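Each of the two blocks below gives one form of the same protein chain as structure tokens; they are labelled structure 1 and structure 2.
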Structure 1
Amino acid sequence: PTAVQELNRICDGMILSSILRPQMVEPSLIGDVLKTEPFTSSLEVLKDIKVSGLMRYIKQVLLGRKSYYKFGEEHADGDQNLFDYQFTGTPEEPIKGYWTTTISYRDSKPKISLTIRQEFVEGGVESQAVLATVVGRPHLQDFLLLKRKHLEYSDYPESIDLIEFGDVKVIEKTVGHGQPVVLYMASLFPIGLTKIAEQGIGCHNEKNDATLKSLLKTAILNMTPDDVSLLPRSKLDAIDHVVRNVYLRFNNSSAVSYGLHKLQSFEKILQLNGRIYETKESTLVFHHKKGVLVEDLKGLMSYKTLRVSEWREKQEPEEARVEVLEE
């Protein structure tokens, strides 16, 4: 592998060790991971690799950092003249009548962004804007700059220009003040705070992908329903972060045979975190009465207004009865 791959593997090893074992993010954790995932490139090449998050913390420890990771040390205003564009559908090609665009300041952490969700409804456009930002920012001034970038990048700027700051929902994140953090279930728990900071789960290679799936199930299998009832909300939310990332990796059949949803203690997770999970293929509902359900516009059941039907594994005698149509 390369230095990039090695850095990835060390980061995967920490994420993976956090599934069963909370650990303080400090140099000896990286030292202990290095036993299984050594770093064999030279420190000089490491300096050319520009990273953030735990990747960058690992990089710094390999370069000699001895201090523990401090919550909020990555805070960046960003470049207020460089912008990232995220889009979900377009005006030319909406997704089920919707298109969403998020423009953000490049390299801001927490990210400062204006998201505008839009929809064609008789006989105009309905817009919803959310400014996700940080306490103390100049919210009206950030909205206007970002709105201007929305007008310049939009294939339909007429619908944007009428959105006023009074219509915007604001969400403010706070920067940490250097608290040390515990890594557990791919999430940072800053000492003294009650919230968590979910971390990205890599595990893009064969071994780490399979071990991620197996450790999640092992984590849940080793909790009784009463254990789960005793978990604080912050730990429930971190578990939710790993659970949802794992289900995104499965199609419907693989998610079902994975069988996490069959564990008695996972049913307690479902009651506390929700029953609705996105897979690679679609949306499933792990229902306690009806079993596995699959989102289905033509379904004859509704779970919290989502129409669903019973999910069914493909069976060769049934597939053989499907009428294959002439083209």
Structure 2
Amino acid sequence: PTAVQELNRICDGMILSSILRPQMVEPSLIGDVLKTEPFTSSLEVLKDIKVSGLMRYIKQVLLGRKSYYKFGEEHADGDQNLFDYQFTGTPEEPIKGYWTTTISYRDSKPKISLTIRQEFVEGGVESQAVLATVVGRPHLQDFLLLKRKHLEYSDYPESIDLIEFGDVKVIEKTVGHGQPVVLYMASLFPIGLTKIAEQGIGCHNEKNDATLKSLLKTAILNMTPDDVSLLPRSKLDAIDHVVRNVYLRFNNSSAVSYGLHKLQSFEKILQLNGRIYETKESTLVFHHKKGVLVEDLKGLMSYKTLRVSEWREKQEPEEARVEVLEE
């Protein structure tokens, strides 16, 4: 288990400890994680490798830091002439009907990027462009720079040349001001702010995957329906962050068997956060009246315009009748 993999595993343990109760990101937290799960590589190795986020704060506590994590401490302008190029979908292979391209200033945190999403519509392509950036930046100059890079990157499509700065949805993130932060439900709550920063959940080995599913059910179990009706919107969004990540780890039969949807306190969470949950298999609706429902284009019922049927356990008599079609 290298130094990175151990760093990954300690971050897993902090995320898992965030499920049952909020915890301030400070060295004691990392210390409790090291109990059942120590750091076995050398501290000298750790002084070499460079990581970011909470794994860097794990590294610094392993290297003796006694102060708590300070929101905004990672701030960085990035290199204005080094760009990162990433994309999902293409015009020839779009994904869920869309293709999206994001170009950003390398090593910028918060990340200063221009994302251009596109789809085929009647009359050609519609584009939706988002400039994710920081308060006070030269937005127009930034846009015009990242736009050029989009044009040069994708062989100058007409559709991108047509996007004006006035077409661009601008999102200004604030840098922290050094607020201490609380980790709860895989999300950071900076003290003094109302927003959260959702963190990557991790938990990709079998053991931590099974722990994550266990802890979430127990966490919800540890709330009364009144407890849920009292939570701030920010903790609810935090819980949403974890719930949706868990259900993407199940097929429909496992998800229903998991049983989190059957709990009273979770029904109160469904009223505040929504009933529609993607899974590994498709999408379920945990409805308070109809029961468990499953996405189904042949559905006689609709939930927020999603066609659904009653999810029932797949039994072999339905599949024996599946008509194999001539090629």
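For clarity, a rigid core is taken as the largest C-alpha set superposing within 1.5 Å between two forms. Just so we're on the same page, residue numbers count up from 1 along structure 1's sequence.
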Tell me, with the core superposed, which single residue in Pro180, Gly202, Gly72, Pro94 has its C-alpha moved by at least 2 Å between structures 1 and 2.
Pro94
Determine, after fitting the two forms on their core, whether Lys35 shows a C-alpha shift of 2 Å or more between structures 1 and 2.
no
Establish whether a shift of 2 Å or more occurs at the C-alpha of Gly53 between structures 1 and 2, with the two forms superposed on the rigid core.
no
How about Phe120 - superposed on the rigid core, does its CA move between structures 1 and 2 by 2 Å or more?
yes
Between-form comparison on the rigid core puts the Cα shift of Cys11 between structures 1 and 2, in Å, at 0.7
For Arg312, what C-alpha shift in Å is seen between structures 1 and 2 once the core is overlaid?
4.0
Hey, core superposed, how many Å does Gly192 shift at the CA between structures 1 and 2?
1.2
